[PDB]
Amino acid sequence: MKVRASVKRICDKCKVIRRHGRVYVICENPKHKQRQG
Amino acid sequence: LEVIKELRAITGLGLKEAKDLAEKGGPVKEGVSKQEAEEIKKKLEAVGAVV
Amino acid sequence: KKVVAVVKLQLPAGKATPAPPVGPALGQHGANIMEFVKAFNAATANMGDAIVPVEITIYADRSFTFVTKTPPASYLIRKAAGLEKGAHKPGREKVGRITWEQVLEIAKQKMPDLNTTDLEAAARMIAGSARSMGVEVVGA
Amino acid sequence: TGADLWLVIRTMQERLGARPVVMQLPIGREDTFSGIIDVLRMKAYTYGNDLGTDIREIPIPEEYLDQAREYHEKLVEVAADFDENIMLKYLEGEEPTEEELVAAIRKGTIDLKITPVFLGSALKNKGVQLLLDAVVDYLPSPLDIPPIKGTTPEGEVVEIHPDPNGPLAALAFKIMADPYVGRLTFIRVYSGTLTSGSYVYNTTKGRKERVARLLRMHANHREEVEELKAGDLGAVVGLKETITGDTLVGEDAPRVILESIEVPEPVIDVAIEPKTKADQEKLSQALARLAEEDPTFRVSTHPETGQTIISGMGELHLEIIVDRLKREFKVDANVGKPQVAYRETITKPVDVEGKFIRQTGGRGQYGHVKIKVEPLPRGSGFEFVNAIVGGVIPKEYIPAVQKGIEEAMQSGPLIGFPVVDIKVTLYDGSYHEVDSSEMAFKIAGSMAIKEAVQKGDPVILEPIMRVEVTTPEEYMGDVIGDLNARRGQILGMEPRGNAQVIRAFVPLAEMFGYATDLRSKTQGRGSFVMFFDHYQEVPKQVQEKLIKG
Amino acid sequence: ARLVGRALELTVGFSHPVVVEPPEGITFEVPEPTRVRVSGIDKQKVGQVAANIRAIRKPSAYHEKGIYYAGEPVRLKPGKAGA
RNA sequence: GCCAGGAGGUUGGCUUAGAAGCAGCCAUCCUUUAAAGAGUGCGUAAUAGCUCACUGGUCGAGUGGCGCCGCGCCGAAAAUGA
């Protein structure tokens, strides 16, 4: 999931409180860490 | 007798404090809880409860 | 050693062995679980077998005390309708009808169980559950 | 680091249930160690430097002085469970002596119900002579050990009376190869007296053997004496046929065979195939020079194709073998994984034609047959159904017509494997009073079958096994994991001892050596077996990949 | 752990000893090896040090072993987790 | 957010080696209730467990959700110095 243009809201803990100007998707089990790159 | 059969304190476990006899007690009824009162109170024993 | 630990089980009169949750749930006990199957086997001898809830307590000196309850109405609706293995799917197939009395007697027999202690209430809980196992009811 | 006492005492009974009961205590944990207190004689033992050229018995520096007492009591306490003299003489007023306690404790130490806890770091010459003392004073003399057993030459088990003045009966054990003397055959006797320059009769192999010389092995040299008495232990020099697990007797002795029958099976089934054919012979030499020293594993050349099956109780085991192999004998062995036995089988009730006939005048043979060849569930049996109407095919051509089938079923139309559980049948054919030979209709049945399978959609069968695993609950769970994550599905479970069985279906292909894989989801504490039941269709995707050239 | 005089010393899951030492504004306080305490008078500069000792020895390791705030382990497999 | 109430029949029937709200197919509840589901995720080998849902307790003023526009922003790596 890391670095892919779909930074939705995957596992319902994952958040988009936009930082650095490139949305990350922040969760728990970090096989769920999508990124904007 | 009543330490290696019932009271699972094998023997040394239930009578390590036997220097001053640290064991006195037993429950009893009729037919249901009495059969161990014709044993606890009658089997070369003397923990005379109520019955 | 071990002290007082009241643990209950869910066992039918047919599997009499120290197998989970028979053993380790009552291992800290010395639970006479073969004197539980026996004192309860012939106890529910209104049919011979039946599946029944239980509750066995340890008191240190190898003391076991079990308290029991009745079988289910997921067997007193299927034994109340002539459905063999059951009735493949609820809101689908049909096998053997039930009526306004059969359901009433069923609701009766098991009074303190179900949920309420009002004959004109638990009977409703029965009036539903019959449908969820694949069988019709005769109304009027 | 991590040194203890307590924890050992805990996990001992948290895994087995055998009460320890103990004889000595540390002076400081990890490297905080100087000397050792004991609770036997109650003497403050202590060394000094690690090498232990400076031992001592200096006073108790306090600290644990009192603590010895409690467990000392406990020590003494358990002495009241055996020698019932120390019982009253500890629950009255007096003191238990330095002697009858040795017999209470040895009582417990031969009845197997207690476990005198001595420990220590002999890296640094500590804890040595103590455990030695305990060993002499407690360890089971070959006297009270309940006698071994050895069936008379009649068919009834007999006891060995370990008097060094009776019938000479002897067991053997460990088989080395010593470039000096040779086949070192490590033996422990039993009854009677073992002399030198005499003779022995190994009852097992029925061969009479010659004691070339006497042996025991010391720590620094060969102990060469003359006689080994009843139940004394050592080794005999010069003794051919004899291996491990035997029973020899005096040249004229009552002549019996000691029991000593054991059963640990080889779990993992490895395959080994070492290049050319120049190796196979040297491999014969290999498994030859094994078994006599290594009677623990099994060698069974795949009872269908090549590959000598090398099956052993552990991957390591198998690998020190695969290594000594490639070194001692040279065998450039390239270990692979076992093949499998697959079985052709159709799906749809297909009924085709198998003709023959050749007319060039004279004998050219006649043979037209059409048969039912219907299928059966993947466990039934080979069949045939005489559906002959008027005797069109003269019955006497039916025999070979069934084998032509049977031998055109040896190798199927696909991979070429024994077609099974395909209830054939028959029905309508033909003949000619002359041309119709036996082999002609043999070929009728044959070809008819071939067309029937080529067209009838033959799918591939594969062995489905019974894995039955022993395991303590936790591992059990994650092994349900492993098993169902090995293709086919499992079955059930039961609490056997401190364990939980695992009834299991398992296709051998995905199963290849589970022992080391077992010991990864059981982490060692698990056991199992593997067995068989029936054959089954692969879930499709393997019949498009296995179209191998 | 063993805070000698002014210096916090420790040899945890690492070879050599460690010397963690006081910065301006905040203060250490070792009760014993297994549960070190900190008198830090600067809520911002303190938590820095908190997560910095914790970063000195990152715990977890699938099961346990390490330093924890009030931290709770997150479970995974030992001699397993290796297909 | 904070303290807590967070049920019973049931193990829904199916199916499955077992499947309990948790593998899913048809599902398609009623009573005890001020509220508690044929159920949201975590957990399990299936349960147990964890937990949310709804309801009260505190608190004291605002609050989620849906359609729309303008500038943005990510998506956005190529070669002599900008």
# chains A, B, ... in the order shown; residues from 1 in each chain; ligands from 1
$ interface_residues --of "chain A" --to "chain F" --cutoff "7 Å" --atoms "only C-alpha atoms (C1' of nucleotides)" --output "PyMOL selection string"
chain A and resi 5+22+36
$ residues_around --residues "stretch 31-47 of chain B" --least-positions-apart "6" --cutoff "12 Å" --atoms "only C-alpha atoms (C1' of nucleotides)" --output "number ranges by chain"
B: 1-3, 5-6, 21, 23-25; C: 63, 65
$ write_last_selection --atoms "N, CA, C and O atoms" --output "CSV table (one decimal), in the first residue's frame"
chain,number,residue,atom,x,y,z
B,1,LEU,N,-4.6,-40.0,58.0
B,1,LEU,CA,-5.6,-40.7,57.1
B,1,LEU,C,-6.4,-39.8,56.2
B,1,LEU,O,-6.5,-40.1,55.0
B,2,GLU,N,-6.9,-38.7,56.7
B,2,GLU,CA,-7.7,-37.8,56.0
B,2,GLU,C,-6.9,-36.7,55.3
B,2,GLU,O,-7.4,-35.6,55.1
B,3,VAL,N,-5.6,-37.0,55.0
B,3,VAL,CA,-4.7,-36.1,54.4
B,3,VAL,C,-4.1,-36.6,53.1
B,3,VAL,O,-3.7,-35.9,52.2
B,5,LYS,N,-6.0,-39.0,51.4
B,5,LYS,CA,-7.2,-39.5,50.7
B,5,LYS,C,-8.1,-38.4,50.1
B,5,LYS,O,-8.5,-38.4,49.0
B,6,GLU,N,-8.3,-37.4,51.0
B,6,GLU,CA,-9.2,-36.3,50.6
B,6,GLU,C,-8.3,-35.0,50.4
B,6,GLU,O,-8.0,-34.6,49.3
B,21,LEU,N,-0.5,-29.4,66.3
B,21,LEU,CA,-1.8,-29.8,65.7
B,21,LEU,C,-2.6,-28.7,65.0
B,21,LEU,O,-3.5,-28.1,65.6
B,23,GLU,N,-4.8,-28.7,62.5
B,23,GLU,CA,-5.9,-29.2,61.7
B,23,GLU,C,-7.1,-29.7,62.5
B,23,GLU,O,-7.0,-30.8,63.2
B,24,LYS,N,-8.2,-29.0,62.5
B,24,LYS,CA,-9.4,-29.3,63.2
B,24,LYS,C,-10.6,-28.8,62.5
B,24,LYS,O,-11.0,-27.6,62.5
B,25,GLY,N,-11.4,-29.7,61.8
B,25,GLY,CA,-12.6,-29.4,61.1
B,25,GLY,C,-13.2,-30.4,60.2
B,25,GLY,O,-12.6,-31.4,59.9
C,63,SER,N,-14.0,-31.8,46.0
C,63,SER,CA,-15.4,-31.7,46.2
C,63,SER,C,-16.1,-31.1,44.9
C,63,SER,O,-15.7,-30.0,44.6
C,65,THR,N,-19.7,-30.2,42.9
C,65,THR,CA,-21.1,-29.9,43.0
C,65,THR,C,-21.7,-29.3,41.8
C,65,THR,O,-21.4,-28.2,41.4
$ closest_atom_pairs --of "chain D" --to "chain E" --cutoff "10 Å" --atoms "only C-alpha atoms" --output "CSV"
residue,atom,partner,partner_atom,distance
D:478,CA,E:80,CA,9.5
D:482,CA,E:83,CA,9.8
D:517,CA,E:83,CA,9.4
D:519,CA,E:79,CA,9.7
D:520,CA,E:80,CA,6.1
D:521,CA,E:80,CA,6.3
D:522,CA,E:80,CA,9.1
D:523,CA,E:79,CA,7.0
$ write_last_selection --atoms "N, CA, C and O atoms" --output "PDB file, in the first residue's frame"
ATOM      1  N   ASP D 478      -2.053 -23.316  16.727  1.00  0.00           N
ATOM      2  CA  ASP D 478      -1.384 -22.795  15.530  1.00  0.00           C
ATOM      3  C   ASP D 478      -1.008 -23.870  14.488  1.00  0.00           C
ATOM      4  O   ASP D 478      -0.693 -23.564  13.337  1.00  0.00           O
ATOM      5  N   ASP D 482      -1.318 -24.530  10.646  1.00  0.00           N
ATOM      6  CA  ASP D 482      -0.415 -25.170   9.687  1.00  0.00           C
ATOM      7  C   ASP D 482      -1.092 -26.200   8.775  1.00  0.00           C
ATOM      8  O   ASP D 482      -0.927 -26.174   7.548  1.00  0.00           O
ATOM      9  N   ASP D 517       8.887 -29.311  10.237  1.00  0.00           N
ATOM     10  CA  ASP D 517       7.877 -28.278  10.079  1.00  0.00           C
ATOM     11  C   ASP D 517       6.901 -28.358  11.254  1.00  0.00           C
ATOM     12  O   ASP D 517       6.381 -27.342  11.719  1.00  0.00           O
ATOM     13  N   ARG D 519       7.809 -29.368  14.276  1.00  0.00           N
ATOM     14  CA  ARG D 519       8.587 -28.775  15.355  1.00  0.00           C
ATOM     15  C   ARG D 519       8.825 -27.275  15.179  1.00  0.00           C
ATOM     16  O   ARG D 519       9.690 -26.707  15.835  1.00  0.00           O
ATOM     17  N   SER D 520       8.056 -26.639  14.302  1.00  0.00           N
ATOM     18  CA  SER D 520       8.136 -25.196  14.114  1.00  0.00           C
ATOM     19  C   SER D 520       6.846 -24.506  14.539  1.00  0.00           C
ATOM     20  O   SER D 520       6.860 -23.345  14.943  1.00  0.00           O
ATOM     21  N   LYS D 521       5.736 -25.232  14.447  1.00  0.00           N
ATOM     22  CA  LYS D 521       4.447 -24.745  14.933  1.00  0.00           C
ATOM     23  C   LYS D 521       4.119 -25.436  16.255  1.00  0.00           C
ATOM     24  O   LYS D 521       3.138 -25.102  16.931  1.00  0.00           O
ATOM     25  N   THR D 522       4.948 -26.414  16.610  1.00  0.00           N
ATOM     26  CA  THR D 522       4.895 -27.031  17.926  1.00  0.00           C
ATOM     27  C   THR D 522       6.155 -26.661  18.692  1.00  0.00           C
ATOM     28  O   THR D 522       6.217 -26.805  19.915  1.00  0.00           O
ATOM     29  N   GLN D 523       7.154 -26.183  17.957  1.00  0.00           N
ATOM     30  CA  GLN D 523       8.424 -25.769  18.543  1.00  0.00           C
ATOM     31  C   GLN D 523       9.082 -26.923  19.307  1.00  0.00           C
ATOM     32  O   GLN D 523       9.710 -26.722  20.346  1.00  0.00           O
TER      33      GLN D 523
END
$ atom_distance --atom1 "atom CA of residue D:71" --atom2 "atom CA of residue D:21"
9.0 Å
$ closest_atom_pairs --of "stretch 347-404 of chain D" --to "stretch 447-459 of chain D" --cutoff "10 Å" --atoms "only C-alpha atoms" --output "CSV"
residue,atom,partner,partner_atom,distance
D:347,CA,D:457,CA,5.8
D:348,CA,D:456,CA,6.0
D:349,CA,D:456,CA,7.2
D:350,CA,D:456,CA,5.4
D:351,CA,D:452,CA,6.3
D:352,CA,D:452,CA,5.5
D:353,CA,D:448,CA,5.1
D:354,CA,D:448,CA,3.6
D:355,CA,D:448,CA,7.3
D:356,CA,D:447,CA,8.6
D:368,CA,D:448,CA,8.9
D:369,CA,D:448,CA,7.0
D:370,CA,D:448,CA,6.9
D:371,CA,D:448,CA,7.4
D:372,CA,D:452,CA,9.0
D:373,CA,D:452,CA,7.1
D:374,CA,D:456,CA,9.5
D:375,CA,D:456,CA,9.9
D:401,CA,D:448,CA,9.8
D:402,CA,D:449,CA,9.9
D:404,CA,D:447,CA,8.0
$ residues_around --residues "stretch 52-66 of chain E" --least-positions-apart "6" --cutoff "12 Å" --atoms "only C-alpha atoms (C1' of nucleotides)" --output "ChimeraX atom specification"
/E:8-14,18-21,28,34-38,45-46,72-81
$ interface_residues --of "chain D" --to "chain B" --cutoff "8 Å" --atoms "only C-alpha atoms" --output "VMD selection string"
chain D and resid 77 to 78 80 to 81 91 to 92
$ residues_around --residues "residue E:41" --least-positions-apart "3" --cutoff "8 Å" --atoms "only C-alpha atoms (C1' of nucleotides)" --output "VMD selection string"
chain E and resid 25 to 27 46
$ interface_residues --of "chain F" --to "chain C" --cutoff "8 Å" --atoms "only C-alpha atoms (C1' of nucleotides)" --output "list in words"
residues 8, 9, 12, 13, 14, 26, 27, 29, 30, 31 and 32 of chain F
$ write_last_selection --atoms "N, CA and C atoms (P, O5', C5', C4', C3', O3' and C1' of nucleotides)" --output "PDB file, in the first residue's frame"
ATOM      1  P     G F   8     -26.905 -13.457  28.223  1.00  0.00           P
ATOM      2  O5'   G F   8     -28.422 -13.853  27.956  1.00  0.00           O
ATOM      3  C5'   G F   8     -29.207 -14.423  28.991  1.00  0.00           C
ATOM      4  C4'   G F   8     -30.473 -15.028  28.445  1.00  0.00           C
ATOM      5  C3'   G F   8     -30.299 -16.028  27.314  1.00  0.00           C
ATOM      6  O3'   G F   8     -29.951 -17.325  27.773  1.00  0.00           O
ATOM      7  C1'   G F   8     -32.037 -14.509  26.783  1.00  0.00           C
ATOM      8  P     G F   9     -29.272 -18.385  26.773  1.00  0.00           P
ATOM      9  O5'   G F   9     -30.470 -18.855  25.826  1.00  0.00           O
ATOM     10  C5'   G F   9     -31.577 -19.579  26.346  1.00  0.00           C
ATOM     11  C4'   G F   9     -32.733 -19.631  25.372  1.00  0.00           C
ATOM     12  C3'   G F   9     -32.442 -20.235  24.008  1.00  0.00           C
ATOM     13  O3'   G F   9     -32.465 -21.650  24.032  1.00  0.00           O
ATOM     14  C1'   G F   9     -33.698 -18.238  23.753  1.00  0.00           C
ATOM     15  P     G F  12     -25.960 -20.133  16.244  1.00  0.00           P
ATOM     16  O5'   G F  12     -27.376 -20.771  15.890  1.00  0.00           O
ATOM     17  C5'   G F  12     -28.517 -20.541  16.704  1.00  0.00           C
ATOM     18  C4'   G F  12     -29.770 -20.429  15.873  1.00  0.00           C
ATOM     19  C3'   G F  12     -29.863 -21.361  14.671  1.00  0.00           C
ATOM     20  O3'   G F  12     -30.325 -22.660  15.018  1.00  0.00           O
ATOM     21  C1'   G F  12     -30.430 -19.156  14.016  1.00  0.00           C
ATOM     22  P     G F  13     -29.465 -23.977  14.669  1.00  0.00           P
ATOM     23  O5'   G F  13     -29.931 -24.379  13.200  1.00  0.00           O
ATOM     24  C5'   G F  13     -31.192 -24.995  12.980  1.00  0.00           C
ATOM     25  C4'   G F  13     -31.721 -24.688  11.603  1.00  0.00           C
ATOM     26  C3'   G F  13     -30.840 -25.119  10.446  1.00  0.00           C
ATOM     27  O3'   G F  13     -30.921 -26.501  10.147  1.00  0.00           O
ATOM     28  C1'   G F  13     -31.489 -22.896  10.104  1.00  0.00           C
ATOM     29  P     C F  14     -29.573 -27.370  10.070  1.00  0.00           P
ATOM     30  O5'   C F  14     -29.014 -27.079   8.607  1.00  0.00           O
ATOM     31  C5'   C F  14     -29.852 -27.195   7.464  1.00  0.00           C
ATOM     32  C4'   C F  14     -29.599 -26.068   6.494  1.00  0.00           C
ATOM     33  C3'   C F  14     -28.413 -26.258   5.560  1.00  0.00           C
ATOM     34  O3'   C F  14     -28.809 -26.904   4.363  1.00  0.00           O
ATOM     35  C1'   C F  14     -28.378 -24.077   6.552  1.00  0.00           C
ATOM     36  P     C F  26     -28.155 -15.384  -0.304  1.00  0.00           P
ATOM     37  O5'   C F  26     -29.481 -15.854   0.446  1.00  0.00           O
ATOM     38  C5'   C F  26     -30.514 -16.542  -0.246  1.00  0.00           C
ATOM     39  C4'   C F  26     -31.471 -17.201   0.718  1.00  0.00           C
ATOM     40  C3'   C F  26     -32.271 -16.267   1.616  1.00  0.00           C
ATOM     41  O3'   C F  26     -33.427 -15.734   0.986  1.00  0.00           O
ATOM     42  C1'   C F  26     -31.338 -18.010   2.920  1.00  0.00           C
ATOM     43  P     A F  27     -34.007 -14.300   1.425  1.00  0.00           P
ATOM     44  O5'   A F  27     -33.233 -13.965   2.779  1.00  0.00           O
ATOM     45  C5'   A F  27     -33.898 -13.995   4.037  1.00  0.00           C
ATOM     46  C4'   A F  27     -33.088 -14.728   5.083  1.00  0.00           C
ATOM     47  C3'   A F  27     -33.625 -14.699   6.507  1.00  0.00           C
ATOM     48  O3'   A F  27     -34.646 -15.654   6.749  1.00  0.00           O
ATOM     49  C1'   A F  27     -31.335 -14.149   6.532  1.00  0.00           C
ATOM     50  P     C F  29     -36.815  -9.124  11.185  1.00  0.00           P
ATOM     51  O5'   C F  29     -36.343  -8.929  12.691  1.00  0.00           O
ATOM     52  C5'   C F  29     -37.258  -9.050  13.763  1.00  0.00           C
ATOM     53  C4'   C F  29     -37.520 -10.490  14.130  1.00  0.00           C
ATOM     54  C3'   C F  29     -38.153 -10.716  15.494  1.00  0.00           C
ATOM     55  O3'   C F  29     -39.561 -10.563  15.460  1.00  0.00           O
ATOM     56  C1'   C F  29     -36.357 -12.243  15.166  1.00  0.00           C
ATOM     57  P     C F  30     -40.262  -9.143  15.750  1.00  0.00           P
ATOM     58  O5'   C F  30     -40.752  -9.258  17.264  1.00  0.00           O
ATOM     59  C5'   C F  30     -41.888 -10.039  17.614  1.00  0.00           C
ATOM     60  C4'   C F  30     -41.587 -10.979  18.757  1.00  0.00           C
ATOM     61  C3'   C F  30     -41.468 -10.351  20.138  1.00  0.00           C
ATOM     62  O3'   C F  30     -42.729 -10.145  20.757  1.00  0.00           O
ATOM     63  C1'   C F  30     -39.693 -11.901  19.785  1.00  0.00           C
ATOM     64  P     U F  31     -42.923  -9.008  21.883  1.00  0.00           P
ATOM     65  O5'   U F  31     -42.166  -9.572  23.169  1.00  0.00           O
ATOM     66  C5'   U F  31     -42.861 -10.295  24.180  1.00  0.00           C
ATOM     67  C4'   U F  31     -41.897 -10.934  25.151  1.00  0.00           C
ATOM     68  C3'   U F  31     -41.264 -10.005  26.179  1.00  0.00           C
ATOM     69  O3'   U F  31     -42.081  -9.786  27.318  1.00  0.00           O
ATOM     70  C1'   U F  31     -39.584 -11.344  25.174  1.00  0.00           C
ATOM     71  P     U F  32     -42.008  -8.383  28.104  1.00  0.00           P
ATOM     72  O5'   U F  32     -40.649  -8.468  28.928  1.00  0.00           O
ATOM     73  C5'   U F  32     -40.589  -9.162  30.165  1.00  0.00           C
ATOM     74  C4'   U F  32     -39.181  -9.203  30.694  1.00  0.00           C
ATOM     75  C3'   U F  32     -38.529  -7.853  30.944  1.00  0.00           C
ATOM     76  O3'   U F  32     -38.907  -7.241  32.163  1.00  0.00           O
ATOM     77  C1'   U F  32     -37.053  -9.189  29.702  1.00  0.00           C
TER      78        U F  32
END
$ residues_around --residues "residue C:53" --least-positions-apart "2" --cutoff "8 Å" --atoms "only C-alpha atoms (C1' of nucleotides)" --output "VMD selection string"
chain C and resid 9 to 12 51 55 68 to 71
$ residues_around --residues "stretch 288-294 of chain D" --least-positions-apart "2" --cutoff "9 Å" --atoms "only C-alpha atoms (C1' of nucleotides)" --output "NGL selection string"
:D and (174-177 or 242-244 or 283-286 or 296-298 or 321)
$ residues_around --residues "residue F:57" --least-positions-apart "2" --cutoff "12 Å" --atoms "only C-alpha atoms (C1' of nucleotides)" --output "PDB file with N, CA, C and O atoms (P, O5', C5', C4', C3', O3' and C1' of nucleotides), in the first residue's frame"
ATOM      1  P     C F   2     -13.092   7.594  27.633  1.00  0.00           P
ATOM      2  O5'   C F   2     -13.444   8.243  29.043  1.00  0.00           O
ATOM      3  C5'   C F   2     -12.440   8.863  29.837  1.00  0.00           C
ATOM      4  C4'   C F   2     -13.064   9.650  30.956  1.00  0.00           C
ATOM      5  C3'   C F   2     -13.992   8.848  31.857  1.00  0.00           C
ATOM      6  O3'   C F   2     -13.301   8.208  32.913  1.00  0.00           O
ATOM      7  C1'   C F   2     -15.095  10.810  31.126  1.00  0.00           C
ATOM      8  P     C F   3     -13.145   6.610  32.925  1.00  0.00           P
ATOM      9  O5'   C F   3     -14.405   6.098  33.761  1.00  0.00           O
ATOM     10  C5'   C F   3     -14.535   6.419  35.138  1.00  0.00           C
ATOM     11  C4'   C F   3     -15.889   6.041  35.690  1.00  0.00           C
ATOM     12  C3'   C F   3     -16.465   4.710  35.243  1.00  0.00           C
ATOM     13  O3'   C F   3     -15.884   3.590  35.885  1.00  0.00           O
ATOM     14  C1'   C F   3     -18.158   6.355  35.192  1.00  0.00           C
ATOM     15  P     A F   4     -15.864   2.166  35.138  1.00  0.00           P
ATOM     16  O5'   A F   4     -17.390   1.909  34.736  1.00  0.00           O
ATOM     17  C5'   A F   4     -18.195   0.998  35.474  1.00  0.00           C
ATOM     18  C4'   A F   4     -19.676   1.316  35.398  1.00  0.00           C
ATOM     19  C3'   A F   4     -20.513   0.445  34.477  1.00  0.00           C
ATOM     20  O3'   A F   4     -20.815  -0.824  35.023  1.00  0.00           O
ATOM     21  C1'   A F   4     -21.128   2.710  34.200  1.00  0.00           C
ATOM     22  P     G F   5     -21.153  -2.049  34.043  1.00  0.00           P
ATOM     23  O5'   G F   5     -22.639  -1.747  33.564  1.00  0.00           O
ATOM     24  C5'   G F   5     -23.725  -1.873  34.466  1.00  0.00           C
ATOM     25  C4'   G F   5     -25.037  -1.919  33.730  1.00  0.00           C
ATOM     26  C3'   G F   5     -25.028  -2.673  32.413  1.00  0.00           C
ATOM     27  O3'   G F   5     -25.051  -4.084  32.536  1.00  0.00           O
ATOM     28  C1'   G F   5     -26.055  -0.608  32.076  1.00  0.00           C
ATOM     29  P     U F  55     -30.498   6.267  22.062  1.00  0.00           P
ATOM     30  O5'   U F  55     -30.226   5.601  23.482  1.00  0.00           O
ATOM     31  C5'   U F  55     -31.270   4.938  24.176  1.00  0.00           C
ATOM     32  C4'   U F  55     -30.989   4.857  25.653  1.00  0.00           C
ATOM     33  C3'   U F  55     -30.547   6.139  26.335  1.00  0.00           C
ATOM     34  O3'   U F  55     -31.610   7.048  26.582  1.00  0.00           O
ATOM     35  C1'   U F  55     -29.245   4.322  27.114  1.00  0.00           C
ATOM     36  P     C F  59     -22.054  18.509  36.229  1.00  0.00           P
ATOM     37  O5'   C F  59     -21.451  19.077  34.872  1.00  0.00           O
ATOM     38  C5'   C F  59     -20.049  19.183  34.663  1.00  0.00           C
ATOM     39  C4'   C F  59     -19.742  19.267  33.189  1.00  0.00           C
ATOM     40  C3'   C F  59     -20.337  20.471  32.474  1.00  0.00           C
ATOM     41  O3'   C F  59     -19.514  21.620  32.567  1.00  0.00           O
ATOM     42  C1'   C F  59     -20.888  18.501  31.287  1.00  0.00           C
TER      43        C F  59
END
$ closest_residue --among "A:10, A:18, A:29, A:1" --to "chain E" --atoms "only C-alpha atoms"
A:29
$ atom_distance --atom1 "atom CA of residue C:100" --atom2 "atom CA of residue C:77"
12.5 Å
$ select_by_dssp --residues "chain C" --states "strand (DSSP E)" --output "PyMOL selection string"
chain C and resi 5-12+51-58+64-66
$ closest_residue --among "E:22, E:50, E:30, E:39" --to "residue E:3" --atoms "only C-alpha atoms"
E:30
$ closest_residue --among "F:40, F:25, F:46, F:15" --to "chain D" --atoms "only C-alpha atoms (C1' of nucleotides)"
F:46
$ select_by_dssp --residues "chain E" --states "helix (DSSP H, G or I)" --output "MDAnalysis selection string"
chainID E and resid 43:56
$ write_last_selection --atoms "N, CA and C atoms" --output "mmCIF file, in the first residue's frame"
data_model
loop_
_atom_site.group_PDB
_atom_site.id
_atom_site.type_symbol
_atom_site.label_atom_id
_atom_site.label_comp_id
_atom_site.auth_asym_id
_atom_site.auth_seq_id
_atom_site.Cartn_x
_atom_site.Cartn_y
_atom_site.Cartn_z
ATOM 1 N N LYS E 43 7.418 19.912 30.700
ATOM 2 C CA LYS E 43 6.557 18.990 29.928
ATOM 3 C C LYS E 43 6.942 18.755 28.462
ATOM 4 N N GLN E 44 7.517 19.778 27.832
ATOM 5 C CA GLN E 44 8.007 19.686 26.463
ATOM 6 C C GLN E 44 9.380 19.019 26.390
ATOM 7 N N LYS E 45 10.320 19.485 27.213
ATOM 8 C CA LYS E 45 11.685 18.960 27.183
ATOM 9 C C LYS E 45 11.782 17.593 27.846
ATOM 10 N N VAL E 46 10.776 17.237 28.634
ATOM 11 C CA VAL E 46 10.806 15.962 29.340
ATOM 12 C C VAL E 46 10.443 14.789 28.435
ATOM 13 N N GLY E 47 9.277 14.882 27.798
ATOM 14 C CA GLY E 47 8.782 13.832 26.925
ATOM 15 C C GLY E 47 9.750 13.556 25.798
ATOM 16 N N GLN E 48 10.462 14.602 25.390
ATOM 17 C CA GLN E 48 11.589 14.466 24.482
ATOM 18 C C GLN E 48 12.514 13.367 24.976
ATOM 19 N N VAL E 49 13.032 13.561 26.182
ATOM 20 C CA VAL E 49 13.903 12.585 26.810
ATOM 21 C C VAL E 49 13.226 11.223 26.970
ATOM 22 N N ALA E 50 11.941 11.230 27.323
ATOM 23 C CA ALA E 50 11.146 10.005 27.464
ATOM 24 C C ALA E 50 11.272 9.129 26.227
ATOM 25 N N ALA E 51 10.754 9.648 25.121
ATOM 26 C CA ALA E 51 10.773 8.924 23.864
ATOM 27 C C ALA E 51 12.186 8.787 23.322
ATOM 28 N N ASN E 52 13.141 9.511 23.908
ATOM 29 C CA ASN E 52 14.534 9.360 23.480
ATOM 30 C C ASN E 52 15.272 8.197 24.150
ATOM 31 N N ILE E 53 14.973 7.925 25.422
ATOM 32 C CA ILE E 53 15.471 6.718 26.077
ATOM 33 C C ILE E 53 14.740 5.535 25.468
ATOM 34 N N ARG E 54 13.434 5.691 25.267
ATOM 35 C CA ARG E 54 12.683 4.625 24.608
ATOM 36 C C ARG E 54 13.200 4.360 23.192
ATOM 37 N N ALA E 55 13.682 5.405 22.519
ATOM 38 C CA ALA E 55 14.307 5.232 21.209
ATOM 39 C C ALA E 55 15.713 4.644 21.351
ATOM 40 N N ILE E 56 16.350 4.903 22.493
ATOM 41 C CA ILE E 56 17.647 4.308 22.810
ATOM 42 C C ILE E 56 17.490 2.788 22.827
#
$ atom_distance --atom1 "atom CA of residue B:28" --atom2 "atom CA of residue C:64"
15.5 Å
$ interface_residues --of "chain D" --to "chain F" --cutoff "8 Å" --atoms "only C-alpha atoms (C1' of nucleotides)" --output "number ranges by chain"
D: 476-478, 480-481, 489-492
